[PDB]
Amino acid sequence: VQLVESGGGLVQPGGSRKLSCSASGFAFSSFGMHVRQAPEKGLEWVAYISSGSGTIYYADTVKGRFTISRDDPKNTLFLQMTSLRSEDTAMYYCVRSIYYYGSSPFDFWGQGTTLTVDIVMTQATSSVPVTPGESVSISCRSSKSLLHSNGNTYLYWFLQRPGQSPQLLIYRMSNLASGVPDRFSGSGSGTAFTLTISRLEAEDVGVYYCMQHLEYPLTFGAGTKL
Amino acid sequence: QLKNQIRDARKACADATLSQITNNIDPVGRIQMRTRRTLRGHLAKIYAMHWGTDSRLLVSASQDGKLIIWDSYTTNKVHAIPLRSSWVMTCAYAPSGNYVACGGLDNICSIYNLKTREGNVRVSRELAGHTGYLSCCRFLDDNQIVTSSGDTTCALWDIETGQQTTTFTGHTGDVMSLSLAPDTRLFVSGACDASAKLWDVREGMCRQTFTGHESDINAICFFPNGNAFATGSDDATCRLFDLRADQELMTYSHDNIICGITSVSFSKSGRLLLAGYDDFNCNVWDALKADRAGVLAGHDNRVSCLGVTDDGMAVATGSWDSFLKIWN
Amino acid sequence: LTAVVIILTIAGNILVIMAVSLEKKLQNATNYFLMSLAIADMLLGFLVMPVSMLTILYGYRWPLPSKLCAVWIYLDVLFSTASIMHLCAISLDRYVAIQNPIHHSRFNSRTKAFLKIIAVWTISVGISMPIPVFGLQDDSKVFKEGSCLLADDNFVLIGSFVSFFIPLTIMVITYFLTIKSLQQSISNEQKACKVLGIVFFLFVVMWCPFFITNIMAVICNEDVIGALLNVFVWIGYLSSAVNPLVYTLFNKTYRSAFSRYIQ
Amino acid sequence: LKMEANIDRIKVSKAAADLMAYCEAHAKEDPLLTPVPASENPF
Amino acid sequence: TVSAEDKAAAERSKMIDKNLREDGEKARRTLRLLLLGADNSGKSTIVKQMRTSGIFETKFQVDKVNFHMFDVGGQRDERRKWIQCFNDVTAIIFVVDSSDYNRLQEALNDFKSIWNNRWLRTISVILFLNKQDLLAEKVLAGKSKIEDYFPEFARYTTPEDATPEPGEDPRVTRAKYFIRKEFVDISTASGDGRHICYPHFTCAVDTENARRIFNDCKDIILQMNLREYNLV
Ligand SMILES: CCN(CC)C(=O)[C@@H]1C=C2c3cccc4[nH]c(Br)c(c34)C[C@H]2N(C)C1
């Protein structure tokens with residue numbers, strides 16, 4: 001399971017650049033693919049392409065000039081950008097997602113490539129300094145209630161180690177991601193969402209991003225660095 | 001001589017009938033249940049089904065060569081699994097929900113890993129060693145399964161090694177059905193010789209043999225408490241067997257019905273015994289009085305399988321017309 | 001005598017409506033095209049035949065408003081055409097089923113049945129599309145000396161050629177090709193040939209005289225031709241009354257359904 | 001069949017009493033026997 | 001009210017249904033046949049020009065139709081349970097050994113059992129009486145007599161309408177149509193019109209039985225069509 005990416009470098013404003021994401025190691029046709037990161041800001045959603053390319057959504061800030069197509073036999077999807085500007089400099093992450101009952105979307109993320117030229121989700125962005133063995137609680141608020149009538153609450157917690165693409169920790173605020181230690185625990189009621197950690201230790205210091213998925217566009221948190 | 005002594009003990013044991021003991025109890029009366037949903041997308045006959053533990057999910061198998069898991073509430077197909085062989089007499093969902101099993105005329109039980117990286121269903125373990133077609137598969141735990149076979153032998157396997165830990169060999173005919181007890185320590189088998197045996201998984205020997213059926217017993221299910229089980233036969237009669245008493249307490253039969261019972265299932269309370277017949281209708285029996293309470297008739301073809309959900313909410317019956325319908 | 005035909009039409013069509021809608025064994029693709037044919041003759045037996053009986057009872061003078069003459073003739077060219085192309089499609093489908101049975105069964109679906117129904121009703125609407133938009137606003141197609149008879153030679157000749165005679169020659173070619181193709185199984189084939197012959201000769205005997213005398217009334221002693229037209233139109237209506245019976249009574253299940261529902 | 005014969009047995013009245021007690025006690029919990037309210041049903 | 005994730009799940013379900021429908025249309029094209037024959041009847045050697053313990057499967061297509069032939073070789077003598085599954089098959093190919101006169105009565109009883117089965121009622125049987133060469137050799141030797149096994153053959157006359165093949169002895173013809181008449185006599189009273197039998201004489205070295213199976217399959221489908229279109 002890998003997601004390598006290509007394209008980047010200096011680009012003059014108003015030009016064009018094609019970014020490609022070659023997947024290799026999983027059933028690419030079953031996964032709906034998606035995100036960027038500014039040099040000194042949090043994650044910002046961009047676009048999305050469904051399974052079989054039957055549905056596409058875009059962020060309002062990149063509507064009408066960003067295009068995505070996926071070559072399923074080639075196991076690759078692209079991003080065609082036109083009329084670039086100074087504010088589009090970021091590092092673009094290729095993210096997978098599979099949607100069914102009990103699935104864990106956003107489970108794997110791409111390496112990332114540097115390119116240089118609504119629900120409001122709030123994070124305190126201030127985190128006490130890391131102390132090993134001491135519990136740490138990170139709380140992220142939401143503008144509107146993320147608990148849909150069907151009973152699923154649509155919150156996701158992502159951890160970005162320094163120098164690594166972010167990793168899913170919790171999906172839907174209560175279900176633990178696969179391959180992560182059991183110490184992570186998320187809980188909370190409507191519009192008051194928290195992530196609790198017990199037995200804090202090394203290889204955990206990073207930025208905690210809170211994401212919503214009730215409806216598009218997907219709005220990330222400001223992030224809380226440890 | 002030993003059989004005569006065994007029969008003598010059973011006769012002296014019964015002081016009263018379950019009917020006369022039951023007679024001072026309020027009848028259930030009439031109960032009506034309407035099909036809330038019908039699940040399309042099966043291109044051929046549905047041979048078997050099994051609810052999940054959560055009771056939202058169920059798996060159904062068909063001759064079309066597809067084992068497709070559903071989301072019952074939304075009527076959405078979660079997965080679709082190509083089956084190597086179109087012959088499949090059974091499917092089984094693991095208690096944890098990670099695995100789903102498949103067995104058929106190809107003499108093999110195939111274990112499918114539903115939850116895995118790469119987002120596709122793959123065959124974790126193919127089990128071989130049975131001479132006859134697998135009539136029923138049921139999971140003890142995720143690591144171990146028991147399979148009932150047409151070669152007159154039931155076997156307990158471990159999925160990791162793939163070798164039979166124990167073999168159960170007391171029957172004289174094809175074993176049509178297997179039903180695990182609630183406590184998992186023991187199970188009961190129904191076989192075409194018309195005798196139902198109570199097996200113990202740990203010791204690998206039959207503890208009790210019950211023979212109150214004239215014809216083959218197609219399907220078999222445990223009472224929820226675990227001290228009784230009910231059988232279904234081509235005789236068109238369902239017989240409620242008791243373990244501790246070691247004799248049949250009650251028999252459910254009506255002169256109108258003459259078709260065999262394809263499947264039997266119990267309600268969570270254990271008052272209602274649902275039976276699925278080849279006459280295209282499933283009859284709700286009051287298990288304690290043997291008085292019919294209703295009919296669940298919405299299938300053009302025979303009702304192959306019947307299942308009651310773990311939370312007791314629903315009854316989903318697959319039928320040979322390829323449409324599977326919840327009955328809340 | 002005239003009132004008997006209307007009652008027979010409604011009863012014989014409602015019987016097949018109930019036999020297809022309330023019998024699981026008869027829910028098939030062919031039975032749905034039969035259902036469409038039965039619907040066409042059902043509507044013909046209520047929206048046309050009572051009005052025709054009213055015209056006969058009153059005479060040429062018509063109590064209903066003159067504006068309504070244009071659409072009542074439009075229904076005749078609609079429903080009768082629809083039934084005729086229904087029969088033509090049934091004969092074509094039977095030929096495909098008997099000449100090439102494996103391939104028919106391979107191509108047999110409900111989508112083909114819906115396509116057939118859509119095609120025949122589209123063709124029937126198209127053929128009768130001139131009359132309301134050329135007849136409501138004038139006397140060209142609607143009136144002739146207070147008779148409410150179709151009096152457009154441009155549409156009487158050309159319309160009949162596409163509505164009846166092209167289907168007629170298609171049906172004759174189909175019948176000759178099928179009976180040339182069916183030559184325990186031998187008795188079944190002989191009974192199939194018998195049913196095909198009976199149905200085809202019923203349709204020909206019952207619809208052919210009307211269109212022939214109608215063409216003669218235009219090309220060509222017209223006083224006798226008027227009466228002959230007035231009788232053969234009712235013969236044509238009796239054909240739509242009969243058609244649900246002969247197409248279904250031969251099947252055992254339909255016969256049992258008619259025996260049971262009549263009780 | 002000596003092992004089958006040499007098995008402890010209890011009265012049919014007692015066994016039917018146990019079955020009746022379970023059915024009477026757990027009757028309220030099962031959705032089928034007493035139809036659930038329409039809002040509570042997930043289906 | 002459906003979430004974004006629920007909408008994506010519904011899109012997945014629709015894609016799955018699309019793929020299932022494609023596979024179903026692929027499956028409807030092929031025609032399916034169940035082969036049921038005793039040992040020594042050369043049931044494996046019925047078709048040889050063109051060609052898993054429970055089921056041994058051979059697929060042959062003649063003239064732009066795919067025929068799917070199923071043979072069960074991993075079961076005991078009693079077949080009643082797994083026979084229920086094979087209820088949608090187009091036709092059954094039943095093979096019986098004509099040469100072995102001792103086992104012929106067993107084959108006759110097996111034919112009764114398959115013909116009178118409730119699940120296999122509507123399905124027709126394409127009967128193949130194998131080893132006609134061996135039957136001819138046995139009667140030419142003349143030590144064997146069909147009259148001793150079945151008394152009726154001792155007084156029998158060949159039907160006049162039947163046309164003998166060149167070089168075929170009248171007593172060879174008498175034995176052949178005797179066995180055929182016995183099987184067809186079982187076939188006649190039981191059917192009632194729903195199905196029929198297609199008695200075919202097949203030598204062991206016969207070039208084409210696929211052409212025979214194809215013609216009887218066309219007849220079965222044609223009669224099903226004549227029944228569906230309400231002609232019969
Ligand atoms: C309004 C009653 N009427 C007066 C006597 C009629 O002549 C009606 C006119 C008709 C007509 C004319 C031209 C072309 C046509 N094709 C088809 Br099909 C018809 C038709 C049906 C035919 N119907 C039975 C009578």
# chains A, B, ... in the order shown; residues from 1 in each chain; ligands from 1

call {"tool": "residues_near_ligand", "arguments": {"ligand": "ligand 1", "cutoff": "7 Å", "atoms": "only C-alpha atoms and all ligand atoms", "output": "ChimeraX atom specification"}}
result
/C:52,72-73,76-77,80-81,84,148-150,155-156,159-160,163-164,229-230,233,236-237

call {"tool": "write_last_selection", "arguments": {"atoms": "N, CA and C atoms", "output": "PDB file, in the first residue's frame"}}
result
ATOM      1  N   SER C  52     -70.526   5.563 -30.219  1.00  0.00           N
ATOM      2  CA  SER C  52     -70.977   5.036 -31.503  1.00  0.00           C
ATOM      3  C   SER C  52     -72.409   4.518 -31.407  1.00  0.00           C
ATOM      4  N   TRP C  72     -63.334  12.668 -30.675  1.00  0.00           N
ATOM      5  CA  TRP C  72     -63.923  11.338 -30.619  1.00  0.00           C
ATOM      6  C   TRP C  72     -63.490  10.475 -31.792  1.00  0.00           C
ATOM      7  N   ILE C  73     -63.310  11.074 -32.970  1.00  0.00           N
ATOM      8  CA  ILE C  73     -62.724  10.346 -34.090  1.00  0.00           C
ATOM      9  C   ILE C  73     -61.240  10.108 -33.842  1.00  0.00           C
ATOM     10  N   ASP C  76     -60.658   6.866 -31.998  1.00  0.00           N
ATOM     11  CA  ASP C  76     -60.786   5.674 -32.832  1.00  0.00           C
ATOM     12  C   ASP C  76     -59.473   5.356 -33.529  1.00  0.00           C
ATOM     13  N   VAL C  77     -58.907   6.347 -34.224  1.00  0.00           N
ATOM     14  CA  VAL C  77     -57.627   6.155 -34.905  1.00  0.00           C
ATOM     15  C   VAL C  77     -56.489   5.942 -33.923  1.00  0.00           C
ATOM     16  N   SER C  80     -57.813   1.926 -32.010  1.00  0.00           N
ATOM     17  CA  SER C  80     -57.843   0.856 -33.004  1.00  0.00           C
ATOM     18  C   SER C  80     -56.475   0.664 -33.642  1.00  0.00           C
ATOM     19  N   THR C  81     -55.784   1.767 -33.940  1.00  0.00           N
ATOM     20  CA  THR C  81     -54.412   1.628 -34.475  1.00  0.00           C
ATOM     21  C   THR C  81     -53.559   0.926 -33.438  1.00  0.00           C
ATOM     22  N   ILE C  84     -54.051  -2.657 -33.514  1.00  0.00           N
ATOM     23  CA  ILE C  84     -53.540  -3.285 -34.731  1.00  0.00           C
ATOM     24  C   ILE C  84     -52.025  -3.457 -34.656  1.00  0.00           C
ATOM     25  N   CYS C 148     -70.408  13.517 -38.577  1.00  0.00           N
ATOM     26  CA  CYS C 148     -69.241  13.275 -37.734  1.00  0.00           C
ATOM     27  C   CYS C 148     -68.463  12.056 -38.224  1.00  0.00           C
ATOM     28  N   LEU C 149     -68.233  12.018 -39.534  1.00  0.00           N
ATOM     29  CA  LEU C 149     -67.453  10.980 -40.190  1.00  0.00           C
ATOM     30  C   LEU C 149     -66.178  11.583 -40.763  1.00  0.00           C
ATOM     31  N   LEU C 150     -65.093  10.817 -40.687  1.00  0.00           N
ATOM     32  CA  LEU C 150     -63.807  11.272 -41.197  1.00  0.00           C
ATOM     33  C   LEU C 150     -63.915  11.526 -42.696  1.00  0.00           C
ATOM     34  N   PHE C 155     -56.150  11.933 -45.761  1.00  0.00           N
ATOM     35  CA  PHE C 155     -55.851  11.135 -44.579  1.00  0.00           C
ATOM     36  C   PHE C 155     -56.565   9.792 -44.566  1.00  0.00           C
ATOM     37  N   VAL C 156     -57.717   9.680 -45.230  1.00  0.00           N
ATOM     38  CA  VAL C 156     -58.428   8.406 -45.260  1.00  0.00           C
ATOM     39  C   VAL C 156     -57.631   7.370 -46.044  1.00  0.00           C
ATOM     40  N   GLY C 159     -53.743   7.443 -44.525  1.00  0.00           N
ATOM     41  CA  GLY C 159     -53.768   6.961 -43.156  1.00  0.00           C
ATOM     42  C   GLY C 159     -54.024   5.472 -43.048  1.00  0.00           C
ATOM     43  N   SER C 160     -54.977   4.954 -43.826  1.00  0.00           N
ATOM     44  CA  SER C 160     -55.262   3.523 -43.784  1.00  0.00           C
ATOM     45  C   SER C 160     -54.092   2.704 -44.307  1.00  0.00           C
ATOM     46  N   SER C 163     -51.751   2.573 -41.379  1.00  0.00           N
ATOM     47  CA  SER C 163     -52.335   2.084 -40.136  1.00  0.00           C
ATOM     48  C   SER C 163     -52.743   0.621 -40.214  1.00  0.00           C
ATOM     49  N   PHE C 164     -53.201   0.158 -41.379  1.00  0.00           N
ATOM     50  CA  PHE C 164     -53.762  -1.178 -41.538  1.00  0.00           C
ATOM     51  C   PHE C 164     -53.016  -2.029 -42.551  1.00  0.00           C
ATOM     52  N   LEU C 229     -70.377   0.393 -44.714  1.00  0.00           N
ATOM     53  CA  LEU C 229     -69.408   0.980 -43.799  1.00  0.00           C
ATOM     54  C   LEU C 229     -69.944   0.993 -42.375  1.00  0.00           C
ATOM     55  N   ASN C 230     -71.218   1.355 -42.217  1.00  0.00           N
ATOM     56  CA  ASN C 230     -71.805   1.477 -40.887  1.00  0.00           C
ATOM     57  C   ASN C 230     -71.893   0.130 -40.181  1.00  0.00           C
ATOM     58  N   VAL C 233     -67.817  -1.140 -39.535  1.00  0.00           N
ATOM     59  CA  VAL C 233     -67.158  -0.496 -38.399  1.00  0.00           C
ATOM     60  C   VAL C 233     -67.503  -1.229 -37.104  1.00  0.00           C
ATOM     61  N   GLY C 236     -65.537  -4.320 -36.925  1.00  0.00           N
ATOM     62  CA  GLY C 236     -64.198  -4.013 -36.455  1.00  0.00           C
ATOM     63  C   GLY C 236     -64.134  -3.835 -34.949  1.00  0.00           C
ATOM     64  N   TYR C 237     -65.141  -3.181 -34.370  1.00  0.00           N
ATOM     65  CA  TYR C 237     -65.182  -3.046 -32.915  1.00  0.00           C
ATOM     66  C   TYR C 237     -65.367  -4.395 -32.230  1.00  0.00           C
TER      67      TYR C 237
END

call {"tool": "interface_residues", "arguments": {"of": "chain D", "to": "chain B", "cutoff": "7 Å", "atoms": "only C-alpha atoms", "output": "PyMOL selection string"}}
result
chain D and resi 1-2+4-5+9-13+15-16+23+26-27+30-32+43

call {"tool": "interface_residues", "arguments": {"of": "chain E", "to": "chain C", "cutoff": "12 Å", "atoms": "only C-alpha atoms", "output": "PyMOL selection string"}}
result
chain E and resi 25-31+63-67+90+184+187-188+191-198+214-232

call {"tool": "interface_residues", "arguments": {"of": "chain B", "to": "chain C", "cutoff": "12 Å", "atoms": "only C-alpha atoms", "output": "list in words"}}
result
residues 298, 299, 300 and 301 of chain B

call {"tool": "write_last_selection", "arguments": {"atoms": "N, CA, C and O atoms", "output": "CSV table (one decimal), in the first residue's frame"}}
result
chain,number,residue,atom,x,y,z
B,298,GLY,N,-45.1,-14.2,1.7
B,298,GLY,CA,-44.8,-13.2,0.7
B,298,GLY,C,-43.8,-13.7,-0.4
B,298,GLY,O,-43.2,-12.9,-1.1
B,299,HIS,N,-43.6,-15.0,-0.5
B,299,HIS,CA,-42.6,-15.6,-1.4
B,299,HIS,C,-43.3,-16.5,-2.4
B,299,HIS,O,-44.1,-17.3,-2.1
B,300,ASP,N,-42.9,-16.3,-3.7
B,300,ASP,CA,-43.4,-17.1,-4.7
B,300,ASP,C,-42.9,-18.5,-4.6
B,300,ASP,O,-43.6,-19.5,-4.8
B,301,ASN,N,-41.6,-18.7,-4.3
B,301,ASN,CA,-40.9,-20.0,-4.2
B,301,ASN,C,-40.7,-20.3,-2.8
B,301,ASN,O,-41.1,-19.6,-1.9

call {"tool": "residues_around", "arguments": {"residues": "residue A:218", "least_positions_apart": "3", "cutoff": "12 Å", "atoms": "only C-alpha atoms", "output": "NGL selection string"}}
result
(:A and (34-35 or 43-48 or 57-60 or 106 or 118-121 or 146 or 154-156 or 210-215 or 221)) or (:E and (4-5))

call {"tool": "write_last_selection", "arguments": {"atoms": "N, CA, C and O atoms", "output": "CSV table (one decimal), in the first residue's frame"}}
result
chain,number,residue,atom,x,y,z
A,34,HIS,N,-9.3,11.6,-2.5
A,34,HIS,CA,-9.4,13.0,-2.2
A,34,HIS,C,-8.1,13.8,-2.7
A,34,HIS,O,-7.8,14.8,-2.2
A,35,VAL,N,-6.4,17.0,-0.6
A,35,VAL,CA,-6.1,17.8,0.5
A,35,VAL,C,-4.7,18.4,0.3
A,35,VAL,O,-3.8,17.8,-0.3
A,43,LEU,N,-4.3,21.9,7.5
A,43,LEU,CA,-4.8,21.2,6.3
A,43,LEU,C,-6.0,21.9,5.7
A,43,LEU,O,-6.8,22.4,6.5
A,44,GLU,N,-6.1,21.9,4.4
A,44,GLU,CA,-7.2,22.6,3.7
A,44,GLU,C,-7.7,21.6,2.6
A,44,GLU,O,-6.9,21.3,1.7
A,45,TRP,N,-8.9,21.2,2.6
A,45,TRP,CA,-9.5,20.3,1.6
A,45,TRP,C,-9.5,21.0,0.3
A,45,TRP,O,-9.6,22.2,0.2
A,46,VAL,N,-9.4,20.2,-0.8
A,46,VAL,CA,-9.4,20.7,-2.2
A,46,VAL,C,-10.5,20.1,-3.0
A,46,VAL,O,-11.3,20.8,-3.5
A,47,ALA,N,-10.5,18.8,-3.1
A,47,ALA,CA,-11.4,18.1,-4.1
A,47,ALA,C,-11.7,16.7,-3.7
A,47,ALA,O,-11.4,16.3,-2.6
A,48,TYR,N,-12.3,15.9,-4.6
A,48,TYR,CA,-12.7,14.6,-4.3
A,48,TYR,C,-13.2,13.9,-5.6
A,48,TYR,O,-13.9,14.6,-6.4
A,57,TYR,N,-16.6,16.6,-6.1
A,57,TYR,CA,-16.8,17.8,-5.3
A,57,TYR,C,-15.5,18.6,-5.3
A,57,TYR,O,-14.4,18.0,-5.4
A,58,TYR,N,-15.6,19.9,-5.1
A,58,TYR,CA,-14.5,20.8,-5.0
A,58,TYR,C,-14.7,21.8,-3.9
A,58,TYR,O,-15.8,22.1,-3.5
A,59,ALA,N,-13.6,22.3,-3.3
A,59,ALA,CA,-13.6,23.4,-2.4
A,59,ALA,C,-14.0,24.6,-3.2
A,59,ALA,O,-13.6,24.8,-4.3
A,60,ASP,N,-14.8,25.5,-2.5
A,60,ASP,CA,-15.2,26.7,-3.2
A,60,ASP,C,-14.1,27.6,-3.7
A,60,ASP,O,-14.2,28.3,-4.7
A,106,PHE,N,-10.2,8.0,4.8
A,106,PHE,CA,-8.9,8.7,5.1
A,106,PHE,C,-7.9,7.9,5.9
A,106,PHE,O,-7.1,8.4,6.6
A,118,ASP,N,-21.1,26.5,5.6
A,118,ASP,CA,-19.9,25.8,5.9
A,118,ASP,C,-19.8,25.6,7.4
A,118,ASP,O,-20.3,26.4,8.2
A,119,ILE,N,-19.1,24.5,7.8
A,119,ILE,CA,-18.9,24.2,9.2
A,119,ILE,C,-17.6,24.7,9.6
A,119,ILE,O,-16.6,24.3,9.1
A,120,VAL,N,-17.5,25.6,10.6
A,120,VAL,CA,-16.3,26.2,11.1
A,120,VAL,C,-15.8,25.4,12.3
A,120,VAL,O,-16.5,25.3,13.3
A,121,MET,N,-14.6,24.8,12.1
A,121,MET,CA,-14.1,23.8,13.1
A,121,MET,C,-13.0,24.5,13.9
A,121,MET,O,-12.0,25.0,13.3
A,146,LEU,N,-22.6,17.8,14.6
A,146,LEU,CA,-22.1,16.8,13.7
A,146,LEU,C,-22.7,15.5,13.8
A,146,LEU,O,-22.4,14.6,13.1
A,154,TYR,N,-19.9,12.3,12.9
A,154,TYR,CA,-18.9,12.4,11.8
A,154,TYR,C,-17.8,13.4,12.2
A,154,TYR,O,-17.8,14.5,11.9
A,155,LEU,N,-16.9,12.8,13.0
A,155,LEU,CA,-15.7,13.5,13.4
A,155,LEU,C,-14.5,12.5,13.1
A,155,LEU,O,-14.7,11.3,13.3
A,156,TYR,N,-13.4,13.1,12.7
A,156,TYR,CA,-12.2,12.3,12.5
A,156,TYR,C,-11.0,13.0,13.1
A,156,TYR,O,-11.0,14.3,13.0
A,210,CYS,N,-8.6,18.0,13.8
A,210,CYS,CA,-10.0,17.6,13.9
A,210,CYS,C,-10.7,17.9,12.6
A,210,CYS,O,-10.7,19.1,12.2
A,211,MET,N,-11.3,16.9,12.0
A,211,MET,CA,-12.0,17.0,10.7
A,211,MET,C,-13.5,16.6,10.9
A,211,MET,O,-13.8,15.8,11.7
A,212,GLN,N,-14.3,17.3,10.2
A,212,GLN,CA,-15.7,16.9,10.1
A,212,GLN,C,-16.0,16.2,8.8
A,212,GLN,O,-15.2,16.4,7.8
A,213,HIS,N,-17.1,15.5,8.7
A,213,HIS,CA,-17.5,14.8,7.5
A,213,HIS,C,-19.0,14.8,7.4
A,213,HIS,O,-19.5,13.9,6.6
A,214,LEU,N,-19.8,15.6,8.1
A,214,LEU,CA,-21.2,15.6,8.0
A,214,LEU,C,-21.7,16.0,6.6
A,214,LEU,O,-22.6,15.4,6.0
A,215,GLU,N,-21.0,17.0,6.0
A,215,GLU,CA,-21.3,17.5,4.6
A,215,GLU,C,-20.1,18.2,4.1
A,215,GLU,O,-19.3,18.7,4.8
A,221,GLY,N,-9.4,21.3,11.4
A,221,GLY,CA,-9.1,22.2,12.5
A,221,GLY,C,-7.8,23.0,12.3
A,221,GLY,O,-7.0,22.7,11.4
E,4,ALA,N,-23.1,12.5,3.8
E,4,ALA,CA,-22.2,12.4,2.7
E,4,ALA,C,-21.7,11.0,2.6
E,4,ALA,O,-21.6,10.4,1.5
E,5,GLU,N,-21.4,10.4,3.7
E,5,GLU,CA,-20.9,9.0,3.8
E,5,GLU,C,-22.0,8.0,3.4
E,5,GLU,O,-21.7,7.1,2.7

call {"tool": "select_by_dssp", "arguments": {"residues": "stretch 144-284 of chain B", "states": "strand (DSSP E)", "output": "JSON, numbers by chain"}}
result
{"B": [144, 145, 146, 147, 148, 149, 154, 155, 156, 157, 158, 164, 165, 166, 167, 168, 175, 176, 177, 178, 179, 180, 186, 187, 188, 189, 190, 191, 196, 197, 198, 199, 200, 205, 206, 207, 208, 209, 210, 217, 218, 219, 220, 221, 222, 228, 229, 230, 231, 232, 233, 238, 239, 240, 241, 242, 248, 249, 250, 251, 252, 261, 262, 263, 264, 265, 266, 272, 273, 274, 275, 276, 277, 282, 283, 284]}

call {"tool": "closest_atom_pairs", "arguments": {"of": "chain A", "to": "chain E", "cutoff": "9 Å", "atoms": "only C-alpha atoms", "output": "JSON lines"}}
result
{"residue": "A:30", "atom": "CA", "partner": "E:12", "partner_atom": "CA", "distance": 8.2}
{"residue": "A:32", "atom": "CA", "partner": "E:8", "partner_atom": "CA", "distance": 8.6}
{"residue": "A:50", "atom": "CA", "partner": "E:8", "partner_atom": "CA", "distance": 7.7}
{"residue": "A:51", "atom": "CA", "partner": "E:12", "partner_atom": "CA", "distance": 7.3}
{"residue": "A:52", "atom": "CA", "partner": "E:15", "partner_atom": "CA", "distance": 8.1}
{"residue": "A:54", "atom": "CA", "partner": "E:11", "partner_atom": "CA", "distance": 8.1}
{"residue": "A:55", "atom": "CA", "partner": "E:11", "partner_atom": "CA", "distance": 8.8}
{"residue": "A:98", "atom": "CA", "partner": "E:8", "partner_atom": "CA", "distance": 8.5}
{"residue": "A:99", "atom": "CA", "partner": "E:9", "partner_atom": "CA", "distance": 5.2}
{"residue": "A:100", "atom": "CA", "partner": "E:9", "partner_atom": "CA", "distance": 4.9}
{"residue": "A:101", "atom": "CA", "partner": "E:9", "partner_atom": "CA", "distance": 7.5}
{"residue": "A:148", "atom": "CA", "partner": "E:3", "partner_atom": "CA", "distance": 7.2}
{"residue": "A:149", "atom": "CA", "partner": "E:1", "partner_atom": "CA", "distance": 7.9}
{"residue": "A:150", "atom": "CA", "partner": "E:2", "partner_atom": "CA", "distance": 8.3}
{"residue": "A:154", "atom": "CA", "partner": "E:5", "partner_atom": "CA", "distance": 8.9}
{"residue": "A:213", "atom": "CA", "partner": "E:4", "partner_atom": "CA", "distance": 7.2}
{"residue": "A:214", "atom": "CA", "partner": "E:3", "partner_atom": "CA", "distance": 6.1}
{"residue": "A:215", "atom": "CA", "partner": "E:4", "partner_atom": "CA", "distance": 5.5}
{"residue": "A:216", "atom": "CA", "partner": "E:4", "partner_atom": "CA", "distance": 7.3}

call {"tool": "atom_distance", "arguments": {"atom1": "atom CA of residue B:255", "atom2": "atom CA of residue B:23"}}
result
21.3 Å

call {"tool": "atom_distance", "arguments": {"atom1": "atom CA of residue A:87", "atom2": "atom CA of residue A:220"}}
result
17.9 Å

call {"tool": "residues_around", "arguments": {"residues": "residue C:46", "least_positions_apart": "2", "cutoff": "12 Å", "atoms": "only C-alpha atoms", "output": "MDAnalysis selection string"}}
result
chainID C and resid 3 5:11 13:14 39:44 48:53 72 75:76 79 237 240:241

call {"tool": "residues_around", "arguments": {"residues": "residue A:117", "least_positions_apart": "3", "cutoff": "8 Å", "atoms": "only C-alpha atoms", "output": "PyMOL selection string"}}
result
chain A and resi 9-13+85-86+88-89

call {"tool": "interface_residues", "arguments": {"of": "chain A", "to": "chain B", "cutoff": "12 Å", "atoms": "only C-alpha atoms", "output": "PyMOL selection string"}}
result
chain A and resi 1-2+23-32+96-105+107-108+150+177-179

call {"tool": "interface_residues", "arguments": {"of": "chain E", "to": "chain B", "cutoff": "8 Å", "atoms": "only C-alpha atoms", "output": "MDAnalysis selection string"}}
result
chainID E and resid 9:10 12:13 16:17 20:21 24 52:55 74:75 82

call {"tool": "residues_around", "arguments": {"residues": "residue E:139", "least_positions_apart": "3", "cutoff": "12 Å", "atoms": "only C-alpha atoms", "output": "ChimeraX atom specification"}}
result
/E:98-101,132-136,142-147,168-176

call {"tool": "residues_around", "arguments": {"residues": "residue B:302", "least_positions_apart": "3", "cutoff": "10 Å", "atoms": "only C-alpha atoms", "output": "list in words"}}
result
residues 45, 46, 262, 276, 277, 278, 279, 280, 281, 282, 299, 305, 318, 319, 320 and 321 of chain B

call {"tool": "atom_distance", "arguments": {"atom1": "atom CA of residue E:79", "atom2": "atom CA of residue E:117"}}
result
11.2 Å
